[PDB]
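Pasting in a structure now, in structure tokens, and then I'll have a few things to ask.
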Amino acid sequence: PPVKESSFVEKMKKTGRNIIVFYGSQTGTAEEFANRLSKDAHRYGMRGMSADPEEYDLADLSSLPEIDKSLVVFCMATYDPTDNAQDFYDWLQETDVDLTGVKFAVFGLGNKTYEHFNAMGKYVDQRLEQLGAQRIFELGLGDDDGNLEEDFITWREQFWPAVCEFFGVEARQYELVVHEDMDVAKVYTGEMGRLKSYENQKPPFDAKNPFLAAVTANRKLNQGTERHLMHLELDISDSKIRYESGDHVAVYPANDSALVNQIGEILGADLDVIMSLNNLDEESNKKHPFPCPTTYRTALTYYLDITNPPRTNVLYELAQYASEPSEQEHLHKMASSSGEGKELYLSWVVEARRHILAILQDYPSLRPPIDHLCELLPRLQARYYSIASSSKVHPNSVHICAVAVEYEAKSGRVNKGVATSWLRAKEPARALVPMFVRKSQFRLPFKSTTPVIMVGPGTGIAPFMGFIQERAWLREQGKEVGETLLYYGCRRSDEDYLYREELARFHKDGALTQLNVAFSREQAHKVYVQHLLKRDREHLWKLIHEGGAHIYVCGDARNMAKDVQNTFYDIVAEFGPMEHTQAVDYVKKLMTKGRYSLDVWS
Ligand SMILES: Cc1cc2nc3c(=O)[nH]c(=O)nc-3n(C[C@H](O)[C@H](O)[C@H](O)COP(=O)(O)OP(=O)(O)OC[C@H]3O[C@@H](n4cnc5c(N)ncnc54)[C@H](O)[C@@H]3O)c2cc1C
Ligand SMILES: Cc1cc2nc3c(=O)[nH]c(=O)nc-3n(C[C@H](O)[C@H](O)[C@H](O)COP(=O)(O)O)c2cc1C
Ligand SMILES: Nc1ncnc2c1ncn2[C@@H]1O[C@H](CO)[C@@H](O)[C@H]1OP(=O)(O)O
């Protein structure tokens with residue numbers, strides 16, 4: 001609950017703004033979009049502004065009409081609503097205001113693999129119209145399972161024309177300030193929010209004031225040499241942090257130092273030059289791109305993203321810094337909605353997975369001002385992990401189960417995951433991992449006697465390591481505990497069976513009523529967790545139909561989770577009986593009555 005700003009409508013007036021793009025974002029992408037769309041109003045002889053719907057009172061849309069040819073755009077992501085867009089939502093639900101005269105557009109960001117695709121967008125664009133506002137352009141539906149960037153360049157290309165036409169209008173966001181005389185303790189060195197907040201830890205710890213927790217355990221859980229699966233233990237003592245199994249822990253990592261050095265090396269400049277990028281819109285909340293003042297090196301290490309494929313809007317803006325014509329032209333055509341330009345971007349940048357440095361190496365004429373480059377780079381996001389311990393057993397420690405990312409890219413070089421390569425490097429002593437916890441609704445039943453069915457192959461194991469530590473603990477405390485079954489899976493039982501001993505011990509003490517593992521490569525056919533579910537179908541239908549058991553799914557969202565959902569569709573279709581459609585509805589209903597929970601990630 002923060003303090004609202006002044007009515008945005010009034011703000012727009014005082015700065016001559018006629019377009020306000022609102023972004024609902026969780027990992028920046030919706031926001032990045034709203035800002036791109038914002039600076040876009042300029043080329044079209046208009047001026048706009050991005051704004052966090054949380055910091056404003058959306059009831060003020062009703063007053064927007066009072067600005068000339070005013071326009072409001074909504075870039076909303078689904079996670080329904082993201083944290084910052086919750087107010088708006090509850091408002092869009094309670095309010096009954098008459099938005100007659102409001103003109104809007106909406107570009108939603110989602111992922112098709114999800115149950116409720118772009119639910120937020122579909123909702124916003126469909127509720128504004130319910131209130132009296134008129135849609136100016138079609139609802140954009142972004143799919144991060146294909147290419148969101150392309151869906152966005154495709155919408156934005158048909159948007160602006162429809163806008164300029166409708167309004168009859170004819171067809172460095174931040175500024176740089178180098179620091180010569182700066183006091184040493186007044187310089188951010190990587191902390192996230194308040195200055196020196198990292199060094200002087202002061203509760204309560206959240207996303208803006210992360211608690212640097214000490215890595216007390218680092219271990220490799222697998223026997224092979226191909227992959228590196230690891231178990232870490234972060235110590236949250238004196239942090240005053242509460243958590244339950246199912247919850248997630250989030251961490252702010254550090255980029256690889258040499259990938260950082262080499263970036264200032266090729267651009268031929270120093271990273272230690274202390275600076276600041278002050279938003280040219282002196283009245284805007286977001287006064288800076290990241291914590292300023294600070295040195296390039298710091299920003300490149302802690303606040304910027306230097307490994308993900310650059311977006312089309314960044315390449316276009318960097319086109320002007322490449323001498324050689326051929327190159328300049330290539331960077332320029334990366335933002336096409338079709339053609340050889342849309343094809344080089346998807347294969348040479350995306351598919352190839354070339355980070356910012358790579359492109360600078362493969363296009364040597366590109367030597368941009370490191371100043372305009374930092375303003376273009378996206379902020380470094382924190383990475384989530386499903387806490388792997390019960391707080392009833394480890395109140396003062398948060399466990400993480402993860403696989404390290406390192407692969408060969410067509411780009412020609414070996415890429416490394418930012419968070420994983422970093423946590424990998426951290427071992428118990430000087431090792432501090434900046435963190436905080438985010439509550440989720442993946443939870444053990446309210447009643448201990450309620451049955452539980454956990455399905456989670458590979459890393460999807462980790463939340464369940466908690467559910468089991470808790471289920472077991474409840475029994476020791478004399479509580480009466482219903483069935484507790486795990487459906488895990490790995491390649492081979494002597495190669496990457498995670499927590500084999502702990503899971504054996506738990507089965508032994510009777511915590512785990514059933515330990516069903518699936519060894520995928522131990523035979524000709526692939527044997528996956530869903531094969532076991534189909535196997536134990538008769539008994540699983542019993543729990544579901546007569547036991548009121550909860551179902552859980554964790555790990556790969558891409559396929560594993562769909563395959564398991566489909567096998568649950570079949571178990572019901574058979575013992576219902578039912579026809580796959582009535583079984584789907586049955587399984588989905590289980591999802592709304594909170595008896596089927598998902599924790600899948602791509
Ligand atoms: C809510 C949620 C829960 C999660 N829970 C856990 C969990 O508990 N345990 C866990 O291990 N992970 C989990 N993750 C994943 C985790 O957050 C990170 O995505 C993961 O650790 C990699 O992050 P990184 O910074 O190391 O790599 P990044 O720098 O973020 O790179 C990730 C990207 O690299 C690319 N990439 C990965 N491998 C290849 C390849 N071989 N070939 C081509 N592309 C590839 C993909 O674009 C991938 O998205 C979860 C993610 C979310 C969103
Ligand atoms: C935990 C989690 C849950 C998600 N749930 C949904 C969902 O229900 N529907 C959907 O369309 N996309 C869903 N997504 C995908 C995001 O909407 C998509 O990646 C979006 O681009 C993120 O935008 P942001 O960076 O602006 O938050 C989810 C992603 C994560 C990580
Ligand atoms: N589609 C899927 N459904 C269920 N498990 C899968 C899966 N795809 C891969 N797996 C298995 O998930 C486990 C953890 O990664 C591995 O045993 C892997 O086996 P595989 O690698 O032989 O396909």
Side-chain angles (χ1 to χ4, degrees), residues 8-9 11-12 17-25 29-53 56 58-78 81-82 84-85 88-89 91-92 95 97-110 117-144 148-168 171 312-313 335 337:
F8 57 103
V9 178
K11 304 199 165 199
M12 287 171 84
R17 267 51 194 283
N18 74 106
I19 173 71
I20 183 167
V21 209
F22 278 116
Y23 58 80
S25 199
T29 324
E31 190 192 52
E32 186 205 59
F33 284 153
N35 286 312
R36 289 168 60 184
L37 281 181
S38 187
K39 321 179 212 305
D40 275 6
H42 182 68
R43 320 157 43 234
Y44 295 95
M46 271 157 76
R47 229 174 76 174
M49 61 179 282
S50 288
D52 192 312
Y56 291 101
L58 276 294
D60 291 336
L61 292 167
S62 64
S63 295
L64 195 56
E66 307 163 12
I67 290 176
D68 243 290
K69 311 173 189 295
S70 57
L71 187 55
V72 62
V73 191
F74 290 110
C75 294
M76 317 304 271
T78 304
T82 60
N84 87 306
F88 183 48
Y89 184 62
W91 184 68
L92 294 181
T95 197
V97 309
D98 187 53
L99 288 165
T100 299
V102 185
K103 297 303 153 279
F104 69 82
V106 175
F107 183 75
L109 303 65
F117 181 45
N118 268 302
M120 191 54 195
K122 297 187 175 187
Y123 186 69
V124 172
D125 138 294
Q126 187 258 70
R127 183 57 180 158
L128 289 183
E129 172 172 285
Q130 290 204 305
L131 302 175
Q134 157 185 99
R135 186 183 299 88
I136 189 173
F137 192 60
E138 60 172 59
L139 164 60
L141 290 179
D143 172 36
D144 204 29
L148 193 55
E149 187 54 16
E150 283 317 313
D151 290 326
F152 177 78
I153 292 178
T154 310
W155 182 95
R156 172 208 185 192
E157 194 204 58
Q158 300 174 47
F159 169 71
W160 280 124
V163 175
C164 282
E165 193 186 75
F166 186 77
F167 291 140
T312 51
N313 85 261
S337 76

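The figures that follow rest on heavy atoms only: side chains count, while hydrogens, waters and symmetry mates do not. Each residue takes its place number in the sequence, starting with 1.
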Query raised in the report: Between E149 and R36, does at least one N-O distance fall below 4.0 Å, as a salt bridge requires?
Result: yes
Query raised in the report: Hey, does the side chain of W160 reach the backbone of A41 with a donor-acceptor pair shorter than 3.5 angstrom?
Result: no
Query - Residue pair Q126 / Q130: nearest heavy atoms and the distance that separates them - result: O-CG, 2.9 Å
Requested in this report: Tell me, please, which residues at least two apart from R127 pass salt bridge (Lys or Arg N to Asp or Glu O under 4.0 Å).
Outcome: none
Report task. Using atom types as modelled and distance alone, determine if a side-chain donor or acceptor of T78 lies under 3.5 Å from a backbone N or O of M120. Result -> yes
Report task. Report the C-alpha distance between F8 and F22 in whole Å, list the side-chain angles of each, state the deciding distance to 0.1 Å, and finish with yes or no for side chain to side chain contact (heavy atoms under 4.5 Å, CB included). Result -> CA-CA 11 Å; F8 57 103; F22 278 116; 4.1 Å; yes
Query - Which residues share a side chain to side chain contact (heavy atoms under 4.5 Å, CB included) with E66, sequence neighbours left out - result: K13, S63
Query - Heavy-atom pair of closest approach, residues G24 and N84 - result: CA-OD1, 3.6 Å
Query - Residue that, paired with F104, satisfies side-chain contact (heavy atoms from CB on, under 4.5 Å) out of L99, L128, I136, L139 - result: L128
Query raised in the report: Do the side chain of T95 and the main chain of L92 share a donor and acceptor less than 3.5 angstrom apart?
Result: no
Report task. Look at the rings of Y89 and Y123 and say which category their plane angle falls in: under 30° parallel, 30 to 60° tilted, over 60° perpendicular. Result -> perpendicular
Query - Residue pair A105 / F159: nearest heavy atoms and the distance that separates them - result: CB-CE1, 3.7 Å
Requested in this report: Show your working on side chain to side chain contact (heavy atoms under 4.5 Å, CB included) between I19 and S70 and close with a plain yes or no.
Outcome: CA-CA 6 Å; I19 173 71; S70 57; over 6 Å; no
Query raised in the report: Under the side chain to side chain contact (heavy atoms under 4.5 Å, CB included) criterion, do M49 and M12 qualify, and how do the steps go?
Result: CA-CA 8 Å; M49 61 179 282; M12 287 171 84; 3.5 Å; yes
Query raised in the report: What residues, two or more places apart in sequence or in another chain, satisfy side chain to side chain contact (heavy atoms under 4.5 Å, CB included) together with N35?
Result: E31, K39, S50, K286
Query raised in the report: Can you list the residues that meet the side-chain hydrogen bond (donor to acceptor under 3.5 Å, both in side chains) rule with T154, with sequence neighbours excluded?
Result: none
Query - Exercise: identify the closest heavy-atom pair between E138 and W155 - result: O-NE1, 3.1 Å
Query - Test applied, side-chain contact (heavy atoms from CB on, under 4.5 Å); reference residue, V21; option that passes from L71, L37, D40, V72 - result: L37
Query - Residues which pass salt bridge (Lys or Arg N to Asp or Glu O under 4.0 Å) with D143, listed by chain and number, not counting sequence neighbours - result: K112
Query - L109/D144 under side chain to side chain contact (heavy atoms under 4.5 Å, CB included): CA gap, chis, key distance, verdict - result: CA-CA 7 Å; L109 303 65; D144 204 29; over 6 Å; no
Report task. Say whether, by atom type as modelled, one donor and one acceptor occur between the side chain of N118 and the main chain of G110 under 3.5 angstrom. Result -> yes
Query - Candidate list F107, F88, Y23, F33, test ring pair (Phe, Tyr, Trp, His ring centres under 6.0 Å), partner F74, passing option - result: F88
Requested in this report: Quick one: list whatever passes salt bridge (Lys or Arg N to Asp or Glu O under 4.0 Å) with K11, sequence neighbours left out.
Outcome: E5
Query raised in the report: Counting N and O atoms only, with roles assigned by atom type, does the side chain of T312 sit under 3.5 Å from a partner on the main chain of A335, one being a donor and the other an acceptor?
Result: no
